[PDB]
Structure formats: C-alpha cells, structure tokens
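Structure file entry00.tsv with TSV, N, CA and C atoms:
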chain	number	residue	atom	x	y	z
A	1	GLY	N	81.11	156.94	93.33
A	1	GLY	CA	79.82	157.17	94.11
A	1	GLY	C	79.74	156.72	95.53
A	2	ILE	N	78.57	156.34	95.97
A	2	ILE	CA	78.41	155.88	97.37
A	2	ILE	C	78.90	154.44	97.50
A	3	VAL	N	78.08	153.50	97.11
A	3	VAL	CA	78.47	152.07	97.19
A	3	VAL	C	79.80	151.88	96.47
A	4	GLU	N	79.92	152.49	95.34
A	4	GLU	CA	81.17	152.35	94.54
A	4	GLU	C	82.40	152.51	95.44
A	5	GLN	N	82.34	153.39	96.39
A	5	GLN	CA	83.52	153.60	97.28
A	5	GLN	C	83.29	152.99	98.66
A	6	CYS	N	82.07	152.68	99.00
A	6	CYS	CA	81.80	152.10	100.35
A	6	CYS	C	81.68	150.58	100.26
A	7	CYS	N	81.01	150.08	99.26
A	7	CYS	CA	80.85	148.60	99.13
A	7	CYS	C	82.06	148.01	98.39
A	8	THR	N	82.26	148.40	97.16
A	8	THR	CA	83.40	147.85	96.38
A	8	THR	C	84.67	147.92	97.22
A	9	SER	N	84.70	148.80	98.17
A	9	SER	CA	85.91	148.93	99.03
A	9	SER	C	85.54	149.70	100.30
A	10	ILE	N	86.43	150.49	100.82
A	10	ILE	CA	86.12	151.25	102.05
A	10	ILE	C	86.10	152.74	101.74
A	11	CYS	N	85.14	153.45	102.26
A	11	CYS	CA	85.08	154.91	102.00
A	11	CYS	C	85.69	155.63	103.21
A	12	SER	N	85.61	156.93	103.25
A	12	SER	CA	86.21	157.66	104.40
A	12	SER	C	85.27	157.59	105.60
A	13	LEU	N	85.82	157.46	106.78
A	13	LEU	CA	84.97	157.38	108.00
A	13	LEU	C	84.13	158.66	108.13
A	14	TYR	N	84.77	159.79	108.26
A	14	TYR	CA	84.00	161.06	108.38
A	14	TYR	C	83.04	161.18	107.21
A	15	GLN	N	83.45	160.74	106.06
A	15	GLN	CA	82.56	160.80	104.88
A	15	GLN	C	81.45	159.77	105.07
A	16	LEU	N	81.78	158.65	105.66
A	16	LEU	CA	80.76	157.60	105.91
A	16	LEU	C	79.82	158.10	107.01
A	17	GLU	N	80.32	158.94	107.87
A	17	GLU	CA	79.48	159.48	108.97
A	17	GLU	C	78.57	160.57	108.41
A	18	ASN	N	79.02	161.27	107.42
A	18	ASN	CA	78.17	162.33	106.81
A	18	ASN	C	76.91	161.67	106.26
A	19	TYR	N	76.97	160.38	106.07
A	19	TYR	CA	75.80	159.64	105.53
A	19	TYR	C	74.57	159.89	106.41
A	20	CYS	N	74.76	160.41	107.59
A	20	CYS	CA	73.60	160.68	108.48
A	20	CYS	C	72.58	161.55	107.75
A	21	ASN	N	71.67	162.12	108.47
A	21	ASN	CA	70.64	162.99	107.83
A	21	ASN	C	69.93	163.81	108.90
B	1	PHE	N	84.57	150.31	112.70
B	1	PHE	CA	84.54	150.33	111.21
B	1	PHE	C	85.96	150.20	110.66
B	2	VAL	N	86.41	148.99	110.44
B	2	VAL	CA	87.78	148.79	109.91
B	2	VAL	C	87.77	148.99	108.39
B	3	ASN	N	88.91	148.90	107.75
B	3	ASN	CA	88.94	149.09	106.27
B	3	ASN	C	88.93	147.73	105.57
B	4	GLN	N	87.76	147.22	105.26
B	4	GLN	CA	87.68	145.91	104.56
B	4	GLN	C	86.31	145.78	103.89
B	5	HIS	N	86.03	146.62	102.92
B	5	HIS	CA	84.71	146.55	102.23
B	5	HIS	C	83.60	146.80	103.26
B	6	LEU	N	82.63	147.60	102.92
B	6	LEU	CA	81.54	147.89	103.90
B	6	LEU	C	80.18	147.59	103.27
B	7	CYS	N	79.88	148.26	102.20
B	7	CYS	CA	78.57	148.05	101.52
B	7	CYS	C	77.43	148.59	102.39
B	8	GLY	N	76.22	148.20	102.11
B	8	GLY	CA	75.06	148.71	102.90
B	8	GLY	C	75.20	148.31	104.37
B	9	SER	N	75.02	147.05	104.67
B	9	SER	CA	75.12	146.58	106.09
B	9	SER	C	76.24	147.32	106.83
B	10	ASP	N	77.47	147.12	106.45
B	10	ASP	CA	78.57	147.82	107.16
B	10	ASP	C	78.20	149.29	107.31
B	11	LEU	N	77.80	149.92	106.26
B	11	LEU	CA	77.40	151.34	106.37
B	11	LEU	C	76.42	151.43	107.54
B	12	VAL	N	75.18	151.14	107.28
B	12	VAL	CA	74.14	151.17	108.36
B	12	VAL	C	74.77	150.69	109.68
B	13	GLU	N	75.71	149.80	109.60
B	13	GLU	CA	76.37	149.32	110.85
B	13	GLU	C	77.28	150.44	111.35
B	14	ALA	N	78.27	150.80	110.59
B	14	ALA	CA	79.16	151.92	111.00
B	14	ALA	C	78.28	153.14	111.23
B	15	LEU	N	77.44	153.43	110.27
B	15	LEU	CA	76.52	154.59	110.41
B	15	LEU	C	75.78	154.47	111.74
B	16	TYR	N	75.56	153.27	112.18
B	16	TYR	CA	74.85	153.06	113.47
B	16	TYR	C	75.79	153.41	114.62
B	17	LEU	N	77.07	153.40	114.37
B	17	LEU	CA	78.04	153.73	115.45
B	17	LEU	C	78.61	155.13	115.21
B	18	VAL	N	78.62	155.56	113.98
B	18	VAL	CA	79.17	156.90	113.68
B	18	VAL	C	78.11	157.97	113.98
B	19	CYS	N	76.87	157.63	113.84
B	19	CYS	CA	75.78	158.61	114.10
B	19	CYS	C	74.85	158.07	115.19
B	20	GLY	N	74.76	156.78	115.31
B	20	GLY	CA	73.86	156.19	116.34
B	20	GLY	C	72.44	156.07	115.78
B	21	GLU	N	71.82	157.18	115.49
B	21	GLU	CA	70.43	157.13	114.94
B	21	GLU	C	70.09	158.49	114.31
B	22	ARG	N	69.26	159.28	114.96
B	22	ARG	CA	68.89	160.60	114.39
B	22	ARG	C	68.40	160.40	112.96
B	23	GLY	N	67.96	159.22	112.64
B	23	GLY	CA	67.46	158.95	111.26
B	23	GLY	C	68.61	159.08	110.26
B	24	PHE	N	69.60	158.24	110.36
B	24	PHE	CA	70.75	158.33	109.41
B	24	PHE	C	70.36	157.63	108.10
B	25	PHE	N	71.13	157.81	107.06
B	25	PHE	CA	70.79	157.15	105.78
B	25	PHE	C	72.04	156.95	104.93
B	26	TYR	N	71.92	156.23	103.85
B	26	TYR	CA	73.08	155.98	102.96
B	26	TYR	C	72.57	155.36	101.66
B	27	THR	N	72.57	156.12	100.60
B	27	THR	CA	72.06	155.58	99.31
B	27	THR	C	73.18	155.56	98.27
B	28	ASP	N	72.83	155.34	97.03
B	28	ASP	CA	73.86	155.31	95.96
B	28	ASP	C	74.13	156.73	95.47
B	29	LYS	N	73.18	157.62	95.65
B	29	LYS	CA	73.39	159.02	95.19
B	29	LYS	C	74.39	159.71	96.11
I'd like the structure from this file rewritten - as structure tokens, please.
Amino acid sequence: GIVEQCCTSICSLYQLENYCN
Amino acid sequence: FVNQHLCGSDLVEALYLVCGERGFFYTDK
C-alpha cells in the first residue's frame, strides 16, 4: 500500500510525487 | 528525498518538494 511502501521503507519518487492531487 | 524510510512527514516533506503545493496529499489508500 501507501505507508506500507513509503513508511516501512522507501517508495518510488515519481510514485511518491503522484501523491499530489 | 533519499532512500531511508519516509512515512507521512517525509512524504508531505518530499511531496512538498516533489509537488510544492497545489494541495498535494498522501493517505494509506
């Protein structure tokens, strides 16, 4: 999921940027 | 945004540099 890949570790930058809205 | 665990803060932090603002967001979904 989100935190699962962003908090527990590091997610993809472009994917982390898609977090916008 | 280096690779060393991010979580909310880092997100909103990176998100603050990857998007700047424009009302960005980041949830568990």
Exercise for review: Skip stretch 10-20 of chain A itself and residues of its chain fewer than 2 positions away, then list as a list in words all residues within 6 Å of it, counting only N, CA and C atoms.
Suggested key: residues 5, 6, 7 and 8 of chain A; 3, 4, 5, 6, 15, 18, 19, 23, 24, 25 and 26 of chain B
Exercise for review: Go ahead and compute the interatomic distance for atom CA of residue B:8 and atom CA of residue A:9, in Å to one decimal.
Suggested key: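 Going from atom CA of residue B:8 over to atom CA of residue A:9 covers 11.5 Å.
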Point to revise | Backbone-only DSSP, alpha helix (DSSP H) members of chain B, as a list in words | key: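 The residues of chain B classed as alpha helix (DSSP H) are residues 7, 8, 9, 10, 11, 12, 13, 14, 15, 16, 17 and 18 of chain B.
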Practice item. Between atom N of residue B:2 and atom CA of residue A:2, measure the distance and give it in Å to one decimal. Key: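 According to the coordinates, atom N of residue B:2 and atom CA of residue A:2 are separated by 16.8 Å.
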**Study point:** Distance of atom CA of residue B:22 from atom CA of residue A:3, expressed in Å to one decimal place
**Key:** 21.5 Å
